[PDB]
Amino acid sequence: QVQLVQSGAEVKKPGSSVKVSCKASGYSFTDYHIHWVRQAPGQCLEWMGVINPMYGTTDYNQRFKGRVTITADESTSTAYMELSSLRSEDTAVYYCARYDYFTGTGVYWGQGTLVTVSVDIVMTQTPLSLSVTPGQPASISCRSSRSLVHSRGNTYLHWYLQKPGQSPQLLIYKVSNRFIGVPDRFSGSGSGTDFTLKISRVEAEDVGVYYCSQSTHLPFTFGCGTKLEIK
């Protein structure tokens, strides 16, 4: 089974450096890109960078240029993210995620590493939170600053659910494709810049934060999330 296991939580002073590990197993390590995404306390998801472990080639989010270094060790099947000159604004849960070109997005995520410091497409999610009567439907909207159409038949707009205390899990990829084991009560629609995730009947297991994500253009970007509650 594909697994990403990250190093433990870190408490750091401002100005220090942190290096987070991401140990991969269950697939050929060099055949997939490893991306790093952080979740700051305002719960928006911020893409930091990527490593192609076959060649050691990287790409970083400009906001972090000269501060982040992503490395990969093929002999240990481990990817690393080093963040230097830590500010209190860097307090966040750092995640590694394995990207593939069938979904076009991060499918397998590490459990996350809490680090406590003691040209972007804008993704707008609506509503900020909602509560639903058990068994009732729910609808979450995502609007992008520019078209997410990548090429003929390909729009890289995805929906994740982050259950409480868990990592984001992929529900829908490429607007309406349902990921493995995702029940048919989750359905995605839309085109260009306007998208919707519909839940036909909300179950107790559906509680959490839903995110839209685009991987049509670098830097990959996410919506700031929709908290769903049952009430």
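Just count from 1 along the sequence shown to find any residue number.
Going from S118 to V119, you skip over 10 or more residues of the deposited sequence that the entry leaves unmodelled. When the C-alpha B-factors of 196-204 and 66-74 are averaged, 66-74 comes out higher. In this entry, 9-17 shows the higher mean Cα temperature factor of the pair 9-17 and 211-219. Each of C44, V175, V182, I34 has a CA temperature factor in the record; the biggest one is found at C44.
Note on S187, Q162, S191, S28: the highest value goes to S28, judged by CA B factor as recorded. Among the modelled residues of its chain, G104 has a C-alpha B-factor that falls in the lowest third, as given in the PDB entry. Sorting the modelled residues of the chain by their CA temperature factor places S84 in the highest third. Remark: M48 belongs to the middle third of its chain, ranked by C-alpha B-factor as recorded. Sorting the modelled residues of the chain by their CA temperature factor places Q39 in the middle third. Split the chain's modelled residues into thirds by C-alpha temperature factor. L228 is in the lowest one.
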